[PDB]
RNA sequence: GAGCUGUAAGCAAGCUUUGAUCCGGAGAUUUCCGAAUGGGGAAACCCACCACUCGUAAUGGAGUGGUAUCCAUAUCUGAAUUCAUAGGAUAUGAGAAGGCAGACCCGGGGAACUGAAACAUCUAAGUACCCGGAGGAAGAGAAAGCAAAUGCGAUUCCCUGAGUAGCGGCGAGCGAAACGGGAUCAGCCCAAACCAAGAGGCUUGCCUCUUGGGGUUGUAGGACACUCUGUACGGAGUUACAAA
RNA sequence: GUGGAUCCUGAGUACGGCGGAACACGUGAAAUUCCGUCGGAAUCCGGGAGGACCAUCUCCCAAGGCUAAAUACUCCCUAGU
RNA sequence: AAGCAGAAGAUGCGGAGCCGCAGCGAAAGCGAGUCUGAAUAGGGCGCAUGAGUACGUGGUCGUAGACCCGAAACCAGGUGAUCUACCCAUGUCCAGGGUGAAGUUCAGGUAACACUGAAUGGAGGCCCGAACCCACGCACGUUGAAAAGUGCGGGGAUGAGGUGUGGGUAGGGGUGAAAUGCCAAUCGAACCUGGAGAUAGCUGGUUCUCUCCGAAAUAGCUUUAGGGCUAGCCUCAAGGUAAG
RNA sequence: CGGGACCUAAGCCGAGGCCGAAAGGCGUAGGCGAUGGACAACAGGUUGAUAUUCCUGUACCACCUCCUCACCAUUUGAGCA
RNA sequence: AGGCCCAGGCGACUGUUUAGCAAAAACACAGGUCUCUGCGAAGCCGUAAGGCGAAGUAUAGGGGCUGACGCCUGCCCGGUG
RNA sequence: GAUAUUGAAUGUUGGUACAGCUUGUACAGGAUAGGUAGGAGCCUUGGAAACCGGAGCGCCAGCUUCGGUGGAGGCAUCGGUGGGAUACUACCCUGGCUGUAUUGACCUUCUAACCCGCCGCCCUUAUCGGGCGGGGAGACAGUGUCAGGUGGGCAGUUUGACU
RNA sequence: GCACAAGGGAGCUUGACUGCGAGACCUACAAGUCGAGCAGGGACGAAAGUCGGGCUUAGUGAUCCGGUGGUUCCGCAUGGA
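Chains as they are written, first to last, in the UniProt record's numbering: chain W, 3 to 60; chain D, 1 to 149.
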């Protein structure tokens, strides 16, 4: 599931609701199936939404 | 919000906008296959050259217009008689050729497509004025005269 | 340096002062299962293929080696497509998969009983447990460090500070740090401006590709320029200190 | 070493909003540090820290990588208690 | 104190610290006085009325399994549908005797049909009744032949059937023609290993002797009323003294 | 004869791959797997035993040519398929 | 290798159910009805991928309620969905 | 829902920035004149006062806008019983309006991201997966944070004592 | 308990007070109750004197957490917050 361009990973967190109890909840990273270039020629690889902005050309 | 189209396409910019442009619009379309843009230092200055290169060409063109100006004025009197005759008229045809071709009477050559004279020149022999019109940016001055033979 | 043929003490047939039996170093052989890895498999088994060899009139069969996968470096090929690429083939690989000191410490997952005379914030706890990692130590480490004057000059651990400073249904409980005293005491490089070499997109120009020099500091250091001094018989080195 | 006329000294980073964890500190007057999610700086006349924050002042150059020893623990080989 | 020496011993050496020597106020501060207050007023506290410190023994209080015995149950990590609940796939089992439907045929019969009578036909969670599957009667059994069976009766017995073999569904779950049933002779949440020496106002048990003194079951409260904390009553020691 | 040098079902494993904090989960190609399909030996005798295995008779399947005959054809191609 | 004749309640029946106290007036069934679902499904098993439904397609599937058949199934939408 | 992924236009509209014009009307000047730095000047047959209508403004007093006519002029400042003060030139503003200039909402439509338990081809003998074209979808969906709801459906617990 | 009125009527009026307080009662504690008198400034009355809320005894409750005023207190280097 991890993107190659960067080291983003799922990280577990907690839902600190009002009168925090508080319930557990994992936090997955944002991802896109838009094509990226590895050994020629695509496809295909997932990419983080942050890395997708500017940077490497699609 | 910073790119360099250069190849304007309905966008509020041509030759590449150097000021706040659209964003996220290019991440997937404009940049890919379209007109790459990265208005980031590296790519910027490089565009400069072209813009940079034609800043050198600007010099070139401007001065083409104004080298050539100045180059032809002190010219020796153009002595190209246009067959002055007919009890006081002429025989030679005064239009485009003798006007421009009056320069290679020694060597230099020009292009007949630069003459500036609305009305055709009355087939006289007097001080045929020739306002050389090389380019809009730069005009010149030439003369023509007819003699008897 | 005189007995030995293990337990086993009783039984047969043998080895040795041209020196065994024994103790140690360096080896050899090392069946089959087992990460297993030629294929399959119900662990201790079956079935093969490719070369060499034995044998058979010949088939069948028997021994010796190779043939798991992924990854890495290579060498040739090659789909829609023309190039190309995917893919495929082959070669080179004491690589990697595994096991375990029930220990110690890092990272990622992670409770509940209990305490709070109940229980829901908290306590238990980041403890048990799971996984990923390692190493004989790891982590940390050479200042965006503490600190408040005649200031101290990397971390780690120990003693203190102190059960103090504080946090906390401020309940229950949790719990520092600096200074000071000790243990052990070494500090350096990579990126980046600039020079040189190779290429290559491109409009001469030009901006990045790669390989070595250059240079790694904060009352700021370096590139650049200008001075000298060196390329040694000096210094350092396999544990950081560049690599060995 | 002498000079400070020109260039560098670590970018989607440093920080900030939101949402959590870790710092003895339980989100409050609160750092700091590490995460996700969005915004996003100067670059030497620069930047950060000094327990909100601001000015002054005092110290330090973060966003790169190395580090033995002091320290912890034994399934085990010796000897001794 | 750690630590540096020193049979892992003592003794050394190290004064980092700790406590005491005089406090008061929240602090600012002041000082044998300080605070509250306009207060050289009053009062609280401390003075005046001066002993601690470091170890050893013991009484005990705290943090830890903390005095032993005992939970039902919670959480985490594993193991099992070789019984049983169901599913899947492939085989196999059902002695015989009755009932008679659809349909079909031949005659009666119609314009054709309907309809009528015989023959033919063999369906059915059909009937009777053994293997088998069950489990309603009673009795015998209950330190039984047996942790559920036997003896005599009974129901189904061609199907919603019996059954073999192999495989699947795993515990905050599966499965269930459903009752909280079944999941290895355990089921309102299965079994083992760990957190756990869980907790516990509740229970039982605290093992040698003598001597001296010697209670209480009341009060105030308490999510308390079969606990608890202070006062009442006890004991030891040091002082005051002769107060009762 | 039963099973393996034959096959396939339920189901399982499963190159690349699709996913998932990690561990792993899922699933092609392929393989595994009978409770099925394919498959050639039958009668008497024998021991204190084991016999559609040993033995006396007759057989059957598959494969291989130092062999024996018969029929053919040399890419106009007999045949293996 | 059947004891029958009756009269009523309940349950259509066969079947199934607490193995190991209760087999039934219980469960289930065909039928009846409501509601949801247009396929990449509603419902689900799963963090996901995959799969069931389904090699299905509103005369098909999921869920609730009621129980063969006959006569029927009245009124009320204020409140709660 | 917003946001991030996250497109291009149009339509509307907002926000601003700009240009310009007109508007600002207090005894008083003389009125029913925004002020301010300049300016001692005017302006007028490049047809003036005047009127006439269109036109807007408004303190409906007045101002202005234009043009018709007209036909030769209007002023002020100044002296003035008002805080200024005007022939005016400069500046910038008060209201208003118009464009311009940009954006963000709407507004549609498309369409290159994205999306296909869609079709063909190739990987490849393979309904996996993927390439590759085609097609539909589409700036959503899905997912990522973040927030509000519904929610025993799944958990952690309480529900006193005297008697 | 009170007509030596504390019971009723009028005048002046806010002691319905600031700091306190020698000593006692109440007694697990927390808390509760009275108080002569000192001083600061006052009200009434000529003075003497009396007034620290009601004839007395009930009419209300912690701590923690925050809000609002008064503050020659502190305020993580120095100045403020």
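Ideal Cβ positions, reconstructed from N, Cα and C, are used throughout, including at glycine.
Chain-ordered chain W contacts of residue i [CB-CB under 8 Å]
| i | result |
| --- | --- |
| residue 28 of chain D | 36 and 60 |
Nearest-angstrom Cα separation, counted from residue j out to residue i
| i | j | result |
| --- | --- | --- |
| residue 119 of chain D | residue 14 of chain D | 40 Å |
| residue 75 of chain D | residue 49 of chain D | 39 Å |
| residue 24 of chain D | residue 138 of chain D | 45 Å |
| residue 82 of chain D | residue 105 of chain D | 14 Å |
| residue 93 of chain D | residue 141 of chain D | 21 Å |
| residue 8 of chain D | residue 35 of chain D | 9 Å |
| residue 91 of chain D | residue 149 of chain D | 11 Å |
| residue 46 of chain D | residue 40 of chain D | 10 Å |
| residue 102 of chain D | residue 12 of chain D | 49 Å |
| residue 98 of chain D | residue 147 of chain D | 13 Å |
| residue 128 of chain D | residue 111 of chain D | 18 Å |
Contact list for residue i against chain W, beta-carbon separation under 7 Å
| i | result |
| --- | --- |
| residue 188 of chain D | The displayed coordinates of chain D run from 1 to 149. Any statement about residue 188 of chain D would go beyond what the structure contains. |
Cutoff 8 Å; reference residue i; Cβ partners in own chain excluding five residues on either side
| i | result |
| --- | --- |
| residue 95 of chain D | 120 and 121 |
| residue 14 of chain W | 26, 27, 28 and 29 |
| residue 64 of chain D | 135 |
| residue 12 of chain W | 3, 28, 29, 30 and 31 |
Neighbouring residues, chain D, relative to residue i (Cβ below 9 Å)
| i | result |
| --- | --- |
| residue 50 of chain W | By Cβ distance, chain D contributes nothing, its closest Cβ being about 13 Å from residue 50 of chain W, past 9 Å. |
| residue 43 of chain W | Chain D residues near residue 43 of chain W: none, gap ~15 Å exceeds 9 Å. |
Pick from the options that is closest to residue i, judged by C-alpha positions
| i | options | result |
| --- | --- | --- |
| residue 85 of chain D | D:123, D:41 and D:2 | D:123 |
| residue 144 of chain D | D:87, D:58 and D:72 | D:72 |
| residue 33 of chain W | W:48, W:16, W:43 and W:19 | W:48 |
| residue 35 of chain W | W:54, W:19 and W:21 | W:54 |
| residue 29 of chain D | D:5, D:51 and D:133 | D:5 |
Closer than 7 Å at the beta carbon, the chain D residues around residue i
| i | result |
| --- | --- |
| residue 55 of chain W | 27 |
Close beta carbons around residue i, own chain, < 6 Å, minus the five adjacent residues each side
| i | result |
| --- | --- |
| residue 45 of chain W | 37 |
Own chain, CB closer than 7 Å to residue i, minus 5 neighbours either side, in chain order
| i | result |
| --- | --- |
| residue 26 of chain D | 3 and 37 |
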